[PDB]
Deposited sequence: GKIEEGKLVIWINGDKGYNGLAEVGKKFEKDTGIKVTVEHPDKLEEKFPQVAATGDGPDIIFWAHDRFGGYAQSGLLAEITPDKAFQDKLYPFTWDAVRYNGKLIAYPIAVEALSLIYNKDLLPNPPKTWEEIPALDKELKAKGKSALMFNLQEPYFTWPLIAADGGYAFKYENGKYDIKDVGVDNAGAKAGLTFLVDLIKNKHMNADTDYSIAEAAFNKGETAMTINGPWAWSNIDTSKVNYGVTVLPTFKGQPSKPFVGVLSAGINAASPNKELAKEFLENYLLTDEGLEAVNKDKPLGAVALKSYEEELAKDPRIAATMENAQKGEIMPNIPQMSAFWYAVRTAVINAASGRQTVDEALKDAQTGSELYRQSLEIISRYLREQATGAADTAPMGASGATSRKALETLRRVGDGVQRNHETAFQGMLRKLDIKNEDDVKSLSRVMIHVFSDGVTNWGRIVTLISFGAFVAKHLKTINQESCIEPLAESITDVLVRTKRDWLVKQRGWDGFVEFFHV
């Protein structure tokens, strides 16, 4: 393979204590003679699936648990198999965050939740509600200070406020049911936009800018995680850590993250990675080394969390955590976060209204589950000849109308392309499920190679249905679902922005309206 044997390459995010992780890597290297190299690559969450998909990258990947299901679904992660005794050392709910389709896919490291961080010298008694912040800012502005600054370039920091009055990602599961553009999410984001409009916040504010302003004593409040406390210590700001403000009487609900360590599927050092993580990192001395660099929050190791739990900053973290919710690790979390990131930024800058911004994020977040439902039902009914009598569910009218339209249009497309599809199927060799995997690599390169329209999308799906029929014919009907997922994955990954612009399958329905 591409990844070197007899070495350990570890990737972790730049806001985390990588120097302390490196210290742990030095202890491993001292004992074993095996080199350990810690890196903190830019845009790590995107760079890992890119390089791992080619069989390259690090042996160990660090991130919050939410993106690991996507990595697993893409076959980028090795199943981890700790013994019972090691499992019993970590909190059961942390293992839950790294379980995907029955299988553990990472070692949970620490529980991360956003808190309100405030300057005691400027703000002795921090606001219990979001609604008193504008007035609080006015008071402070008279003294040369602002009330609140936090990163507005990542939806992670804004999500507590969005979710406060009833906003949610995926109902808890029902992945089809998405609450990104409901009334509560709209209210939450609207308040945020008004803070900006009324000059209480700046739309351009990011992580560095916010951190800098707070640690320089310029703003009385920031919103951040445990990892940030180190820099505030160095700045000597008299700071406190408390519960996030409420919005409309309801608690802010931070989407809780579990920093986890995964093992590259293509790593030839899986046993080494296992030794490092279990016997060097997930120890009292291991977790402390990292914690002393940048705080981890509430760690998964029971023995060490018992000592840290006494810290009122940790207690506050867990208080915010208990009011929020653990992230899903479903594969389309990446799409969700991207959709919401854009929505928050576009609303903040005025590029979009809150209503339209959230609608798009709603469509983006629905896109994979909506598309799979239609494509899977179409391929299955084309193969067997009989429709699925099961209710569509959430939405519902969109799924049903899109399938009707796909049937009508797809019939003429399959008839006309029958000779072309026969030729394409013979050129490939789809005998079993092992061959379905290869298909996506051929589709993705070809289908993304021109101007997009609904016509080409129907052709793709129709070839899907054609292959589905063939699979049933040769007694490989079990492959129809993986095929539908592969086609769906290709469609939604390569044409995401186009599809959103088209208002998703509503556009497909309208375009072919008879």
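* Counting from 1 along the deposited sequence, which stretches were left out of the model? -> According to the deposited record, C-alpha coordinates are absent only for 173 to 176, which is the whole missing part.
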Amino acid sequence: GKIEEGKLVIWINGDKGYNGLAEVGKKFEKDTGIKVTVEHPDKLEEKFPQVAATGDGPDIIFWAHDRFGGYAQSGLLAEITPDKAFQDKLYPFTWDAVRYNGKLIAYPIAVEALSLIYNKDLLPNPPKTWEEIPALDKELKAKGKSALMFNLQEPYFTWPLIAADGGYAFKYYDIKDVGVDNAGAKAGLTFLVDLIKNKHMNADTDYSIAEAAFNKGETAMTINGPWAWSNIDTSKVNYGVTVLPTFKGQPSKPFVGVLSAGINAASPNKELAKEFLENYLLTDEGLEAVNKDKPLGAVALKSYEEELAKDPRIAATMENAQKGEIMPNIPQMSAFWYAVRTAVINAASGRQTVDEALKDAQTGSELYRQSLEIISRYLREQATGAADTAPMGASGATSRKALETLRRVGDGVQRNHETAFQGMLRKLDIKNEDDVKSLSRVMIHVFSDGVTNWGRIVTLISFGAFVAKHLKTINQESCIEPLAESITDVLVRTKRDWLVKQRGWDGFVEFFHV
From here on, numbers count along this sequence of modelled residues.
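So that the term is clear: the rigid core is the largest set of C-alpha atoms that superpose within 1.5 Å between two forms.
* Do the Cα atoms of 297 to 305 stray more than those of 437 to 445 in 8 other deposited structures of this protein, or is it the other way round, with the core held fixed? -> It is 437 to 445 whose C-alphas lie farther from the shown form in 8 other deposited structures of this protein.
* Outlying stretch relative to shown form, 395 to 403 versus 184 to 192 in 8 other deposited structures of this protein, C-alpha RMS (core) -> Higher root mean square deviation of C-alphas in 8 other deposited structures of this protein is shown by 395 to 403.
* Between the two ranges 22 to 30 and 460 to 468, the one averaging a larger CA B factor in the entry -> Averaged over C-alpha atoms, the B-factors run higher in 22 to 30.
* State which stretch shows the higher mean Cα B factor in the entry: 381 to 389 or 426 to 434. => It is 426 to 434 that shows the higher mean C-alpha B-factor.
* Asked: Considering only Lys270, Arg341, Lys141, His200, which residue's Cα atom bears the greatest B-factor as recorded?
  -> The C-alpha B-factor peaks, among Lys270, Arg341, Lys141, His200, at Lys270.
* Would you mind checking which of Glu275, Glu132, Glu306, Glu154 has the top Cα temperature factor in the PDB entry? => Top of the list by C-alpha B-factor: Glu306.
* Asked: Going by what the PDB entry lists, where does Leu44 fall on CA B-factor within its chain: lowest, middle or highest third?
  -> Middle third by C-alpha B-factor.
* With respect to C-alpha B-factor, does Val9 fall in the lowest, middle or highest third of the chain as deposited? -> For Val9, whose C-alpha B-factor we compare with every modelled residue in the chain, the answer is the lowest third.
* **Record-listed C-alpha B factor of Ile61: chain third** => Its C-alpha B-factor belongs to the lowest third of this chain's values.
* To do: Among all modelled residues of this chain, ranked by Cα B factor, put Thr473 in the bottom, middle or top third, i.e. lowest, middle or highest.
  => It belongs to the lowest third of the chain when residues are ordered by C-alpha B-factor.
* **CA B-factor placement of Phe170, once the chain's modelled residues are sorted into thirds** => Highest third - that is where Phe170 ends up once the chain's C-alpha B-factors are sorted.
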